[PDB]
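Here is the file start_0.txt (compact mmCIF, N, CA and C atoms and all ligand atoms).
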# COMPACT_ATOMS: atom_id res chain seq x y z
N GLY O 42 -71.49 8.59 78.15
CA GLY O 42 -72.16 9.73 77.48
C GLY O 42 -73.30 10.26 78.31
N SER O 43 -73.17 11.48 78.79
CA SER O 43 -74.22 12.19 79.46
C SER O 43 -74.78 13.29 78.49
N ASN O 44 -75.93 13.81 78.86
CA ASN O 44 -76.52 14.95 78.13
C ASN O 44 -75.99 16.25 78.68
N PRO O 45 -75.82 17.29 77.82
CA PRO O 45 -75.47 18.58 78.39
C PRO O 45 -76.73 19.16 79.08
N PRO O 46 -76.53 20.15 79.94
CA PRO O 46 -77.64 20.94 80.42
C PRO O 46 -78.35 21.58 79.21
N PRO O 47 -79.68 21.56 79.26
CA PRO O 47 -80.42 22.16 78.17
C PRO O 47 -80.20 23.71 78.05
N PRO O 48 -80.55 24.29 76.91
CA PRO O 48 -80.45 25.74 76.78
C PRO O 48 -81.37 26.44 77.81
N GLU O 49 -80.93 27.61 78.26
CA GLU O 49 -81.64 28.41 79.23
C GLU O 49 -82.97 28.90 78.62
N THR O 50 -83.98 29.00 79.46
CA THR O 50 -85.22 29.54 79.07
C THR O 50 -85.60 30.84 79.81
N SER O 51 -84.78 31.27 80.74
CA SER O 51 -84.90 32.59 81.32
C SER O 51 -83.53 33.00 81.80
N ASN O 52 -83.35 34.30 81.96
CA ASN O 52 -82.06 34.87 82.22
C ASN O 52 -82.29 36.27 82.74
N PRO O 53 -82.02 36.49 84.03
CA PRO O 53 -82.43 37.77 84.66
C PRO O 53 -81.93 39.00 83.93
N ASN O 54 -80.65 38.97 83.57
CA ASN O 54 -80.02 40.13 82.96
C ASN O 54 -79.86 40.11 81.43
N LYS O 55 -80.59 39.24 80.72
CA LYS O 55 -80.66 39.30 79.26
C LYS O 55 -81.87 40.19 78.93
N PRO O 56 -81.64 41.26 78.17
CA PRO O 56 -82.76 42.15 77.82
C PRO O 56 -83.86 41.39 77.13
N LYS O 57 -85.09 41.67 77.56
CA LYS O 57 -86.29 40.97 77.12
C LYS O 57 -87.49 41.91 77.03
N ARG O 58 -88.41 41.61 76.13
CA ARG O 58 -89.68 42.34 76.07
C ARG O 58 -90.77 41.51 75.34
N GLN O 59 -91.95 42.06 75.34
CA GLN O 59 -93.04 41.55 74.56
C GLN O 59 -93.18 42.43 73.34
N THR O 60 -93.46 41.80 72.19
CA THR O 60 -93.82 42.50 70.96
C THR O 60 -94.98 41.74 70.30
N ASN O 61 -95.78 42.42 69.50
CA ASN O 61 -96.92 41.71 68.88
C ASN O 61 -96.41 40.64 67.87
N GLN O 62 -95.25 40.85 67.30
CA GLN O 62 -94.59 39.84 66.47
C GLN O 62 -94.18 38.58 67.23
N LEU O 63 -93.66 38.78 68.44
CA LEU O 63 -93.31 37.67 69.30
C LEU O 63 -94.56 36.97 69.73
N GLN O 64 -95.67 37.70 69.93
CA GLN O 64 -96.95 37.04 70.34
C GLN O 64 -97.48 36.12 69.25
N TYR O 65 -97.44 36.63 68.05
CA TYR O 65 -97.76 35.91 66.84
C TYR O 65 -96.87 34.66 66.69
N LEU O 66 -95.55 34.85 66.82
CA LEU O 66 -94.58 33.70 66.88
C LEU O 66 -95.05 32.62 67.80
N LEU O 67 -95.59 32.96 68.98
CA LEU O 67 -96.07 31.95 69.88
C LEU O 67 -97.44 31.35 69.48
N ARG O 68 -98.38 32.24 69.20
CA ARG O 68 -99.79 31.92 69.08
C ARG O 68 -100.13 31.25 67.79
N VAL O 69 -99.43 31.68 66.75
CA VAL O 69 -99.63 31.16 65.44
C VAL O 69 -98.50 30.27 64.96
N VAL O 70 -97.31 30.82 64.87
CA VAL O 70 -96.22 30.10 64.22
C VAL O 70 -95.78 28.87 64.98
N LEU O 71 -95.44 29.06 66.24
CA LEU O 71 -95.01 27.91 67.03
C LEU O 71 -96.17 26.90 67.18
N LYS O 72 -97.37 27.41 67.36
CA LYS O 72 -98.51 26.49 67.59
C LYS O 72 -98.80 25.59 66.38
N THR O 73 -98.63 26.14 65.19
CA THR O 73 -98.83 25.42 63.97
C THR O 73 -97.80 24.34 63.81
N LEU O 74 -96.52 24.70 63.99
CA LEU O 74 -95.44 23.73 63.97
C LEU O 74 -95.55 22.65 65.05
N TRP O 75 -95.93 23.04 66.26
CA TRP O 75 -96.06 22.14 67.37
C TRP O 75 -97.05 21.02 67.10
N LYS O 76 -98.16 21.34 66.42
CA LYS O 76 -99.25 20.37 66.19
C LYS O 76 -99.10 19.57 64.90
N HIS O 77 -98.13 19.89 64.09
CA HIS O 77 -97.87 19.15 62.86
C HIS O 77 -97.42 17.72 63.21
N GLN O 78 -97.72 16.80 62.30
CA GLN O 78 -97.35 15.40 62.44
C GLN O 78 -95.83 15.23 62.74
N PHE O 79 -95.04 16.03 62.08
CA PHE O 79 -93.59 15.88 62.09
C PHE O 79 -92.87 16.58 63.27
N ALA O 80 -93.64 17.13 64.22
CA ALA O 80 -93.09 17.92 65.33
C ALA O 80 -92.32 17.10 66.34
N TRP O 81 -92.75 15.84 66.53
CA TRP O 81 -92.30 15.04 67.64
C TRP O 81 -90.74 15.00 67.93
N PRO O 82 -89.87 14.86 66.90
CA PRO O 82 -88.46 14.78 67.25
C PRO O 82 -87.87 16.14 67.75
N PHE O 83 -88.60 17.22 67.52
CA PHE O 83 -88.16 18.58 67.73
C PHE O 83 -88.86 19.27 68.90
N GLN O 84 -89.69 18.53 69.65
CA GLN O 84 -90.44 19.10 70.78
C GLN O 84 -89.66 19.18 72.10
N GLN O 85 -88.44 18.67 72.15
CA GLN O 85 -87.66 18.63 73.35
C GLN O 85 -86.21 18.60 72.93
N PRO O 86 -85.35 19.01 73.82
CA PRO O 86 -83.91 18.80 73.57
C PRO O 86 -83.53 17.34 73.19
N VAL O 87 -82.60 17.18 72.24
CA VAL O 87 -82.06 15.91 71.86
C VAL O 87 -81.46 15.23 73.08
N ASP O 88 -82.06 14.11 73.46
CA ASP O 88 -81.60 13.25 74.53
C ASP O 88 -80.68 12.21 73.91
N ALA O 89 -79.40 12.52 73.92
CA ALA O 89 -78.40 11.71 73.29
C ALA O 89 -78.24 10.37 73.95
N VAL O 90 -78.55 10.32 75.23
CA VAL O 90 -78.49 9.07 75.99
C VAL O 90 -79.63 8.13 75.58
N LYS O 91 -80.87 8.58 75.71
CA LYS O 91 -82.04 7.74 75.42
C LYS O 91 -82.19 7.46 73.93
N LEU O 92 -81.72 8.38 73.06
CA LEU O 92 -81.80 8.10 71.63
C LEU O 92 -80.56 7.38 71.08
N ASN O 93 -79.57 7.11 71.92
CA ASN O 93 -78.37 6.45 71.50
C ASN O 93 -77.60 7.21 70.40
N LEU O 94 -77.36 8.49 70.62
CA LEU O 94 -76.69 9.32 69.64
C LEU O 94 -75.45 9.88 70.33
N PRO O 95 -74.45 9.04 70.62
CA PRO O 95 -73.37 9.55 71.46
C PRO O 95 -72.48 10.55 70.77
N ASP O 96 -72.50 10.61 69.43
CA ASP O 96 -71.84 11.71 68.68
C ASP O 96 -72.65 13.05 68.54
N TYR O 97 -73.92 13.08 68.97
CA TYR O 97 -74.78 14.26 68.70
C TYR O 97 -74.13 15.57 69.18
N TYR O 98 -73.78 15.60 70.47
CA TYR O 98 -73.24 16.80 71.06
C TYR O 98 -71.70 16.92 70.86
N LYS O 99 -71.07 15.94 70.24
CA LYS O 99 -69.74 16.16 69.62
C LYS O 99 -69.78 17.03 68.38
N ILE O 100 -70.80 16.84 67.58
CA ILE O 100 -71.03 17.64 66.39
C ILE O 100 -71.84 18.93 66.64
N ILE O 101 -72.89 18.90 67.46
CA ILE O 101 -73.78 20.03 67.63
C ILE O 101 -73.46 20.70 68.97
N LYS O 102 -72.93 21.91 68.88
CA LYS O 102 -72.48 22.70 70.06
C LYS O 102 -73.47 23.82 70.41
N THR O 103 -74.43 24.11 69.50
CA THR O 103 -75.45 25.12 69.75
C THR O 103 -76.80 24.46 69.56
N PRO O 104 -77.19 23.60 70.50
CA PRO O 104 -78.44 22.87 70.31
C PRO O 104 -79.66 23.76 70.48
N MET O 105 -80.74 23.39 69.82
CA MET O 105 -82.00 24.14 69.95
C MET O 105 -83.15 23.29 69.57
N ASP O 106 -84.29 23.53 70.18
CA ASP O 106 -85.49 22.73 69.92
C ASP O 106 -86.71 23.54 70.19
N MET O 107 -87.88 23.02 69.80
CA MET O 107 -89.12 23.75 69.97
C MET O 107 -89.61 23.79 71.39
N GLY O 108 -89.22 22.85 72.24
CA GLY O 108 -89.62 22.89 73.64
C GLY O 108 -88.97 24.11 74.29
N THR O 109 -87.66 24.27 74.00
CA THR O 109 -86.92 25.41 74.48
C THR O 109 -87.52 26.73 73.90
N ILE O 110 -87.78 26.76 72.61
CA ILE O 110 -88.39 27.94 72.01
C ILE O 110 -89.74 28.34 72.67
N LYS O 111 -90.60 27.35 72.83
CA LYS O 111 -91.92 27.55 73.42
C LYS O 111 -91.82 28.17 74.80
N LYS O 112 -90.92 27.65 75.62
CA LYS O 112 -90.72 28.16 76.93
C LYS O 112 -90.12 29.59 76.91
N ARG O 113 -89.19 29.88 76.00
CA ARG O 113 -88.58 31.19 75.88
C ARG O 113 -89.70 32.18 75.48
N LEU O 114 -90.50 31.82 74.50
CA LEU O 114 -91.67 32.67 74.13
C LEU O 114 -92.62 32.85 75.30
N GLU O 115 -93.01 31.77 76.01
CA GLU O 115 -93.92 31.91 77.15
C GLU O 115 -93.36 32.77 78.26
N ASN O 116 -92.05 32.70 78.52
CA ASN O 116 -91.37 33.60 79.49
C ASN O 116 -90.95 35.02 79.01
N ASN O 117 -91.28 35.38 77.77
CA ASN O 117 -90.79 36.63 77.11
C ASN O 117 -89.31 36.80 77.23
N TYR O 118 -88.57 35.72 76.93
CA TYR O 118 -87.10 35.71 76.90
C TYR O 118 -86.44 36.60 75.86
N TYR O 119 -87.15 36.80 74.76
CA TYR O 119 -86.56 37.47 73.60
C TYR O 119 -86.77 38.98 73.65
N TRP O 120 -85.86 39.73 73.00
CA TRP O 120 -86.02 41.17 72.77
C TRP O 120 -86.82 41.43 71.51
N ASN O 121 -86.64 40.60 70.48
CA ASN O 121 -87.40 40.79 69.26
C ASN O 121 -87.64 39.45 68.51
N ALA O 122 -88.50 39.50 67.51
CA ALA O 122 -88.83 38.35 66.69
C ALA O 122 -87.58 37.73 66.04
N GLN O 123 -86.62 38.56 65.63
CA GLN O 123 -85.43 38.08 64.94
C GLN O 123 -84.65 37.07 65.80
N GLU O 124 -84.58 37.32 67.12
CA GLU O 124 -83.90 36.38 68.03
C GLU O 124 -84.57 35.00 68.05
N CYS O 125 -85.88 35.02 68.09
CA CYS O 125 -86.68 33.80 68.08
C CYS O 125 -86.51 33.04 66.74
N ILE O 126 -86.72 33.76 65.64
CA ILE O 126 -86.45 33.23 64.32
C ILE O 126 -85.07 32.57 64.22
N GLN O 127 -84.03 33.22 64.76
CA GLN O 127 -82.73 32.63 64.76
C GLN O 127 -82.67 31.25 65.48
N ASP O 128 -83.41 31.12 66.58
CA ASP O 128 -83.51 29.82 67.31
C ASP O 128 -84.14 28.74 66.42
N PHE O 129 -85.23 29.07 65.73
CA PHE O 129 -85.79 28.14 64.74
C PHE O 129 -84.73 27.74 63.69
N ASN O 130 -84.05 28.73 63.13
CA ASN O 130 -83.00 28.45 62.13
C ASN O 130 -81.90 27.54 62.65
N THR O 131 -81.48 27.79 63.88
CA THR O 131 -80.50 26.94 64.56
C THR O 131 -80.99 25.49 64.65
N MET O 132 -82.24 25.31 65.09
CA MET O 132 -82.84 23.98 65.17
C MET O 132 -82.75 23.29 63.81
N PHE O 133 -83.27 23.93 62.75
CA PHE O 133 -83.29 23.26 61.47
C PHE O 133 -81.88 23.00 60.99
N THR O 134 -81.00 24.00 61.16
CA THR O 134 -79.66 23.83 60.68
C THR O 134 -78.94 22.66 61.39
N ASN O 135 -79.12 22.58 62.69
CA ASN O 135 -78.50 21.50 63.40
C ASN O 135 -78.90 20.11 62.82
N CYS O 136 -80.19 19.94 62.57
CA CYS O 136 -80.70 18.72 61.96
C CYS O 136 -79.98 18.41 60.65
N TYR O 137 -79.86 19.41 59.79
CA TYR O 137 -79.17 19.27 58.49
C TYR O 137 -77.67 19.01 58.65
N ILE O 138 -77.05 19.63 59.63
CA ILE O 138 -75.64 19.35 59.95
C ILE O 138 -75.39 17.92 60.44
N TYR O 139 -76.13 17.49 61.43
CA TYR O 139 -75.88 16.19 62.03
C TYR O 139 -76.23 15.05 61.05
N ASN O 140 -77.31 15.20 60.29
CA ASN O 140 -77.81 14.15 59.46
C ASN O 140 -77.37 14.26 58.00
N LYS O 141 -77.94 13.46 57.11
CA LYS O 141 -77.55 13.45 55.68
C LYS O 141 -78.74 13.80 54.79
N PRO O 142 -78.48 14.39 53.57
CA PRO O 142 -79.62 14.66 52.64
C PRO O 142 -80.50 13.43 52.44
N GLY O 143 -81.81 13.64 52.47
CA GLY O 143 -82.77 12.54 52.25
C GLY O 143 -83.13 11.72 53.47
N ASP O 144 -82.41 11.91 54.58
CA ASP O 144 -82.70 11.14 55.81
C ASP O 144 -84.12 11.43 56.25
N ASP O 145 -84.78 10.43 56.85
CA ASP O 145 -86.15 10.68 57.24
C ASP O 145 -86.28 11.98 58.05
N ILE O 146 -85.43 12.13 59.06
CA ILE O 146 -85.48 13.31 59.96
C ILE O 146 -85.26 14.64 59.18
N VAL O 147 -84.34 14.63 58.21
CA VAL O 147 -84.03 15.79 57.40
C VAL O 147 -85.26 16.18 56.55
N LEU O 148 -86.02 15.17 56.05
CA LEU O 148 -87.17 15.46 55.26
C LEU O 148 -88.27 16.09 56.15
N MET O 149 -88.34 15.63 57.39
CA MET O 149 -89.29 16.21 58.30
C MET O 149 -88.92 17.65 58.65
N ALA O 150 -87.63 17.90 58.90
CA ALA O 150 -87.16 19.26 59.18
C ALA O 150 -87.51 20.19 58.03
N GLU O 151 -87.26 19.74 56.81
CA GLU O 151 -87.51 20.53 55.61
C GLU O 151 -88.99 20.91 55.46
N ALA O 152 -89.87 19.93 55.69
CA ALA O 152 -91.30 20.21 55.63
C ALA O 152 -91.70 21.20 56.74
N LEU O 153 -91.14 21.04 57.94
CA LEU O 153 -91.46 22.04 59.02
C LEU O 153 -90.89 23.45 58.71
N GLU O 154 -89.72 23.48 58.10
CA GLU O 154 -89.05 24.70 57.73
C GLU O 154 -89.84 25.47 56.61
N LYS O 155 -90.33 24.75 55.60
CA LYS O 155 -91.24 25.34 54.58
C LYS O 155 -92.44 25.97 55.26
N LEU O 156 -93.02 25.25 56.19
CA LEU O 156 -94.22 25.68 56.83
C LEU O 156 -93.90 26.91 57.73
N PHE O 157 -92.81 26.81 58.49
CA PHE O 157 -92.26 27.98 59.22
C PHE O 157 -92.11 29.26 58.33
N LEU O 158 -91.46 29.12 57.19
CA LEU O 158 -91.20 30.24 56.29
C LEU O 158 -92.49 30.82 55.73
N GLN O 159 -93.42 29.97 55.40
CA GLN O 159 -94.72 30.45 55.01
C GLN O 159 -95.41 31.25 56.12
N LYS O 160 -95.38 30.76 57.35
CA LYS O 160 -96.01 31.49 58.44
C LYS O 160 -95.33 32.76 58.86
N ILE O 161 -94.02 32.88 58.69
CA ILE O 161 -93.32 34.15 59.04
C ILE O 161 -93.33 35.21 57.94
N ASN O 162 -93.91 34.87 56.80
CA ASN O 162 -94.27 35.88 55.81
C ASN O 162 -95.46 36.69 56.24
N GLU O 163 -96.36 36.10 57.03
CA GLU O 163 -97.56 36.75 57.58
C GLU O 163 -97.36 37.41 58.98
N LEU O 164 -96.10 37.63 59.34
CA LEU O 164 -95.68 38.29 60.58
C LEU O 164 -96.15 39.79 60.54
N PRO O 165 -97.03 40.24 61.48
CA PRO O 165 -97.56 41.66 61.47
C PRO O 165 -96.55 42.77 61.66
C1 LIG O 201 -82.93 6.47 64.52
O1 LIG O 201 -83.95 7.32 65.17
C2 LIG O 201 -84.75 8.12 64.42
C3 LIG O 201 -84.99 7.81 63.07
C4 LIG O 201 -85.83 8.63 62.33
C5 LIG O 201 -86.47 9.68 62.90
BR1 LIG O 201 -87.63 10.77 61.87
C6 LIG O 201 -86.23 9.98 64.26
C7 LIG O 201 -85.39 9.21 65.00
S1 LIG O 201 -85.20 9.67 66.65
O2 LIG O 201 -86.05 10.87 66.98
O3 LIG O 201 -85.51 8.47 67.46
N1 LIG O 201 -83.61 10.01 66.87
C8 LIG O 201 -83.06 11.07 66.28
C9 LIG O 201 -83.40 12.40 66.53
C10 LIG O 201 -82.74 13.45 65.90
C11 LIG O 201 -82.86 14.79 65.93
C12 LIG O 201 -83.84 15.61 66.76
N2 LIG O 201 -81.98 15.43 65.12
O4 LIG O 201 -81.23 14.34 64.48
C13 LIG O 201 -81.75 13.14 64.99
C14 LIG O 201 -81.38 11.87 64.75
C15 LIG O 201 -82.03 10.81 65.36
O5 LIG O 201 -81.71 9.54 65.10
NA NA O 202 -75.09 16.85 57.42
I'd like the structure from this file rewritten - as C-alpha cells, please.
Amino acid sequence: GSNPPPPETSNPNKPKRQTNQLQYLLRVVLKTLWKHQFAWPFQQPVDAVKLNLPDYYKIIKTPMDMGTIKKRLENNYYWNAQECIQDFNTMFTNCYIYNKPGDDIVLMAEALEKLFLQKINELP
C-alpha cells in the first residue's frame, strides 16, 4: 500500500483569481478551523501508510484536506468562494463516507463542519 500523489495546489491553466470572499475564507474561516482542537486529523492529506488505513483510498477517490485547502487559498488557486467551499464539503463528506456514525473522527468532523457553516454565513 502506497499513498496516492496529493491533490494539486497550483495549476497553470486552471482559471484563478482573488476575491474578498476568498480572502475571508483564508483569513477568517480556514484560520479558525485550523486552530481548533479538532483540526489535527484534517491538516494534511490522509497518509494511509503511516496511519495503517490500507482501505482509505479504495473507498475515497476524491481526497481533500485543510493543508491542501490552505495552500490553494495561499496560491489563489480558486476562481470563486464556491470552489473552496466545495473542497471543505468534500473533506467532511469523505470523513463521513469512510467512517461510521458516532466514530470519534466523525464527531470531530461534525463539530468542525458546524463551525465552518457558522463562519460562512458571515461571508462578505
Ligand atoms: C485509529 O486512528 C484514529 C482514531 C481516532 C481519531 Br479522532 C483519529 C485517528 S487517526 O488520525 O490516527 N487515523 C485516522 C484518520 C482519518 C481521517 C482523516 N479520516 O478518517 C480517518 C480515520 C483514521 O483512523
Ligand atoms: Na460511512
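A distance cut-off of 8 Å from ligand LIG 201 (chain O), applied to only C-alpha atoms and all ligand atoms, picks out the residues residues 79, 81, 82, 83, 86, 87, 92, 93, 94, 97, 106, 135, 136, 139, 140, 144, 145, 146, 147 and 149 of chain O.
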* To do: Write out as JSON, numbers by chain the residues lying within 8 Å of residue 55 in chain O, counting only N, CA and C atoms and excluding same-chain residues fewer than 2 positions away.
  => {"O": [51, 52, 53, 57, 58, 118, 119, 120]}
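Here the question is which of O:44, O:154, O:54, O:141 gets nearest to ligand NA 202 (chain O) using all atoms listed in the file, and that residue is O:141.
Going from CA of residue 62 in chain O to atom C of residue 163 in chain O covers 8.3 Å.
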* To do: Using only C-alpha atoms, collect all residues at a distance of at most 6 Å from (-91.0, 23.6, 66.6) as written in the file, then present them as an MDAnalysis selection string.
  => chainID O and resid 71 74:75 83 107
* To do: Apply DSSP to the structure's backbone, then extract all residues of chain O labelled helix (DSSP H, G or I) and return them as number ranges by chain.
  => O: 61-76, 78-83, 97-100, 107-115, 122-139, 145-162
* Asked: What's the 8 Å shell around residue 67 in chain O, counting only N, CA and C atoms, without same-chain residues fewer than 3 positions away, as a PyMOL selection string?
  -> chain O and resi 61-64+70-73+110-111+114-115
Residues just named, written with N, CA and C atoms as a PDB file, keeping the file's coordinate frame:
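Below is the file that was written, part14.pdb:
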ATOM      1  N   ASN O  61     -95.780  42.420  69.500  1.00  0.00           N
ATOM      2  CA  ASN O  61     -96.920  41.710  68.880  1.00  0.00           C
ATOM      3  C   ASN O  61     -96.410  40.640  67.870  1.00  0.00           C
ATOM      4  N   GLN O  62     -95.250  40.850  67.300  1.00  0.00           N
ATOM      5  CA  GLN O  62     -94.590  39.840  66.470  1.00  0.00           C
ATOM      6  C   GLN O  62     -94.180  38.580  67.230  1.00  0.00           C
ATOM      7  N   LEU O  63     -93.660  38.780  68.440  1.00  0.00           N
ATOM      8  CA  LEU O  63     -93.310  37.670  69.300  1.00  0.00           C
ATOM      9  C   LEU O  63     -94.560  36.970  69.730  1.00  0.00           C
ATOM     10  N   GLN O  64     -95.670  37.700  69.930  1.00  0.00           N
ATOM     11  CA  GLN O  64     -96.950  37.040  70.340  1.00  0.00           C
ATOM     12  C   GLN O  64     -97.480  36.120  69.250  1.00  0.00           C
ATOM     13  N   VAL O  70     -97.310  30.820  64.870  1.00  0.00           N
ATOM     14  CA  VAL O  70     -96.220  30.100  64.220  1.00  0.00           C
ATOM     15  C   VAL O  70     -95.780  28.870  64.980  1.00  0.00           C
ATOM     16  N   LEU O  71     -95.440  29.060  66.240  1.00  0.00           N
ATOM     17  CA  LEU O  71     -95.010  27.910  67.030  1.00  0.00           C
ATOM     18  C   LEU O  71     -96.170  26.900  67.180  1.00  0.00           C
ATOM     19  N   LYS O  72     -97.370  27.410  67.360  1.00  0.00           N
ATOM     20  CA  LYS O  72     -98.510  26.490  67.590  1.00  0.00           C
ATOM     21  C   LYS O  72     -98.800  25.590  66.380  1.00  0.00           C
ATOM     22  N   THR O  73     -98.630  26.140  65.190  1.00  0.00           N
ATOM     23  CA  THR O  73     -98.830  25.420  63.970  1.00  0.00           C
ATOM     24  C   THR O  73     -97.800  24.340  63.810  1.00  0.00           C
ATOM     25  N   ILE O 110     -87.780  26.760  72.610  1.00  0.00           N
ATOM     26  CA  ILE O 110     -88.390  27.940  72.010  1.00  0.00           C
ATOM     27  C   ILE O 110     -89.740  28.340  72.670  1.00  0.00           C
ATOM     28  N   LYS O 111     -90.600  27.350  72.830  1.00  0.00           N
ATOM     29  CA  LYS O 111     -91.920  27.550  73.420  1.00  0.00           C
ATOM     30  C   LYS O 111     -91.820  28.170  74.800  1.00  0.00           C
ATOM     31  N   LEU O 114     -90.500  31.820  74.500  1.00  0.00           N
ATOM     32  CA  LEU O 114     -91.670  32.670  74.130  1.00  0.00           C
ATOM     33  C   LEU O 114     -92.620  32.850  75.300  1.00  0.00           C
ATOM     34  N   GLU O 115     -93.010  31.770  76.010  1.00  0.00           N
ATOM     35  CA  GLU O 115     -93.920  31.910  77.150  1.00  0.00           C
ATOM     36  C   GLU O 115     -93.360  32.770  78.260  1.00  0.00           C
TER      37      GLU O 115
END
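Coordinates place CA of residue 46 in chain O at a distance of 25.5 Å from CA of residue 153 in chain O.
If you measure from each of O:155, O:42, O:66, O:77 to residue 125 in chain O using all atoms listed in the file, the closest one turns out to be O:66.
Here atom C of residue 50 in chain O is placed at a distance of 15.7 Å from atom C of residue 126 in chain O.
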* Asked: Of the candidates O:158, O:164, O:100, O:105, which shows the shortest atom-to-atom distance to ligand NA 202 (chain O), using only C-alpha atoms and all ligand atoms?
  -> O:100
* Using all atoms listed in the file, pick whichever of O:138, O:165, O:151, O:156 has the shortest atom-to-atom distance to ligand NA 202 (chain O). => O:138
